[PDB]
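The chain below stands alone, shown as structure tokens; this is the form deposited in one PDB entry.
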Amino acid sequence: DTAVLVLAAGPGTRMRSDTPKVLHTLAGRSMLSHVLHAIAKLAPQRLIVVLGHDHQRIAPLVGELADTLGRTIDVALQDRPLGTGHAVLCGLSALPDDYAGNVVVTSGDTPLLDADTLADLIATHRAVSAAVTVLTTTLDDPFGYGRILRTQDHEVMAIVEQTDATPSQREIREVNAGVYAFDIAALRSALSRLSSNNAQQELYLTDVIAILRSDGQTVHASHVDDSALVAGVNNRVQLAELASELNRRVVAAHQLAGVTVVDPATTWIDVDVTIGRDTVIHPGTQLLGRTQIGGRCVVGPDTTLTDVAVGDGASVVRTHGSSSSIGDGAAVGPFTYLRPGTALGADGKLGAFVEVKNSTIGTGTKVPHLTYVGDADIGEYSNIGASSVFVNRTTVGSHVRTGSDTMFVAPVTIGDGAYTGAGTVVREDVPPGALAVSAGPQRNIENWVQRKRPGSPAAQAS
């Protein structure tokens, strides 16, 4: 029986943001959402998020997150940010007075923490019969962390905050993860003895460690060797670094599973993205939101895809796209823009300097050059000539061949197997197998250049 508290009621002033700290994203989820996803998988009996000033904005998200995860998450309010010890007290209030289970506390800014590390904590806690067990780690750069103070016999004495530490303390590299397990009575008891006479004038949760030692209670430090699993984010430097570490882990799982990633340093893949066996990812690529790539694809350099479904054997090169689907063996790019609701059939082609929006394009149909396709539906095995525009609903059939420089003025229907000559403004329906035209005939004006640009380099008409 376990209750988990997530402290998320801090101001987050070190982020320098009008967006609440806990809502800043990495790999496609807010920090808060990474933290709640980890804990949901542990399924504690109770789950409590402490909110503060920003509560009106954060509480709804947490609401949505609880439906997604199919459990109840309670919200407890901390009206002023009096410190992490004060934040725990606020959390406990949403538990019954007689609650007997263990209490786990973690922060809203520790976004790589995972169900495993959580479960190892709880087991260690029950195993050693600890009143408090605290996760620790060691780091080349311990700045801004609580430091772990041990006695001569390796006993944990206390945790000392960065602001409160001696210059000699501070050199300590074993750090506080800010993830704890407590016996609830021991914990209620220690919180009442907290005073705020320290460098920041706050009620520090970390002071509970020395307080329980006073009472001769058992204090256990549980070292986590993978430091990143418990790294915190307090500013945008630490956010980006953890984003970068998380992204390497995600790239690696995909490589181990059969994806070639030429350049992981410049390949960003969100947490929910799937990729098929033997696809190749070239440098400078972001695969974002719920993007899915099938097998044996080529995802070319300099491509950004957000919520795009790409089938097997497709090629997607220097393309910027969202909410769109691209079929098996289709060719997209280079220099192509897909806007939401684009659906490209299997073996379709969207080519260089082509933009598509809210349009359906059938099997094997090609839109290869310099064209805009908006609010249109196109059949199968059709060819849309270069430098054309769908001027926004237009229906084009199958096996159609439209000529370069055609403007399709919505709404207009072009029948199966119809043609359009180069330079046509289509304003009326075109029967199947008709040719539609509008351009006047060529006239050559002889010796225009001698007459109207005399002495120019072009009077090499001589």
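Rigid core (definition): largest C-alpha set, two forms, superposition within 1.5 Å. Start at 1 with the first residue shown and count on from there.
According to the entry, the deposited sequence has 4 to 9 residues without coordinates between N392 and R393. Of the two segments, 216-224 and 331-339, the one listed with the higher mean B-factor is 216-224 (C-alpha atoms only). Taking the mean C-alpha B-factor of each stretch as recorded, 85-93 and 366-374 are not equal, and the higher mean is that of 85-93. Comparing the C-alpha B-factors of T279, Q152, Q286, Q201 in the entry, the top value falls on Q152.
For the set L246, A115, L205, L229, the PDB entry assigns the largest Cα B-factor to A115. When the CA B factors of the chain's modelled residues are split into thirds, the value for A461 lands in the highest one. Among the modelled residues of its chain, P167 has a C-alpha B-factor that falls in the highest third, as given in the PDB entry. Remark: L61 belongs to the highest third of its chain, ranked by C-alpha B-factor as recorded. When the modelled residues of the chain are ordered by C-alpha B-factor, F353 sits in the lowest third. Residue-level temperature factors show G101 in the highest third of its chain, judged at the C-alpha atom.
Keep in mind the form deposited in another entry is missing from the figure; the text below concerns it.
No residue in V430, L26, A40, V62 other than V62 shows a CA shift of 2 angstroms or more between this form and the one not shown after fitting the rigid core. For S192, the Cα coordinates differ by under 2 angstroms between this form and the one not shown after the core has been superposed. Once you line up the core between this form and the one not shown, the Cα of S214 stays within less than 2 Å of where it was. Superposition of the core reveals a Cα shift of less than 2 Å for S129 between this form and the one not shown.
In summary, the C-alpha positions of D207 and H55 diverge in the other form, ending up at least 3 angstroms farther from each other than in this conformation. Relative to this form, the distance between the C-alpha atoms of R57 and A38 is reduced by at least 3 angstroms in the other form.
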